[PDB]
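> 3D, please:
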Amino acid sequence: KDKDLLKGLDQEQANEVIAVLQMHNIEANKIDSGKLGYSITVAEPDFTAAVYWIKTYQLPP
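Residues are numbered from 1 along each chain as shown. Take a look at the structure below.
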């Protein structure tokens, strides 16, 4: 159901990714994996689109 979009992220990096996805009507989850940083999840359907916006905005910074 929920596929794993990015991982190994800073907290601010994570937030910006979620912001940019939210701005394009994709809802994402931020997941704290402690020493491994945050990861970003979306819903399978939104994967292609989410990858598009992350390329487009050149995320993560």
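
> only C-alpha atoms from now on, for both contacts and neighbour counts.
OK.

> show me the helices in this protein, by range?
11-22, 47-56 (DSSP state H).

> how far does the longest one sit from the chain's center?
By that I understand helix 11-22. Mean-position distance between helix 11-22 and its chain equals 6 Å (CA atoms, centre = their mean, to the nearest Å).

> save the helices of the chain as a markdown table, and put in mean neighbour count and distance to residue 3 too.
Formatted as a markdown table, the helices of the chain follow (neighbours: other CA atoms under 10 Å; distance: least, CA to CA, whole Å):
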| stretch | mean neighbour count | distance to residue 3 |
| --- | --- | --- |
| helix 11-22 | 17 | 15 |
| helix 47-56 | 15 | 7 |
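
> rebuild those helices as JSON lines, extending it with distance to residue 4.
Output for those, formatted as JSON lines (distance: least, CA to CA, whole Å):
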{"stretch": "helix 11-22", "distance to residue 4": "13"}
{"stretch": "helix 47-56", "distance to residue 4": "9"}
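
> residue 33: which of those helices is closest?
helix 11-22 (11.0 Å; CA to CA).

> same for the closest one, what does it pack against?
If contacts are counted by 3 or more CA pairs under 8 Å, 6 or more residues apart in numbering; DSSP states H and E, helix 11-22 sits against strand 29-32, strand 38-43, helix 47-56.

> now the ones you listed in CSV, with distance to residue 14?
Shown next, in CSV, are these (distance: least, CA to CA, whole Å):
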stretch, distance to residue 14
strand 29-32, 7
strand 38-43, 6
helix 47-56, 12
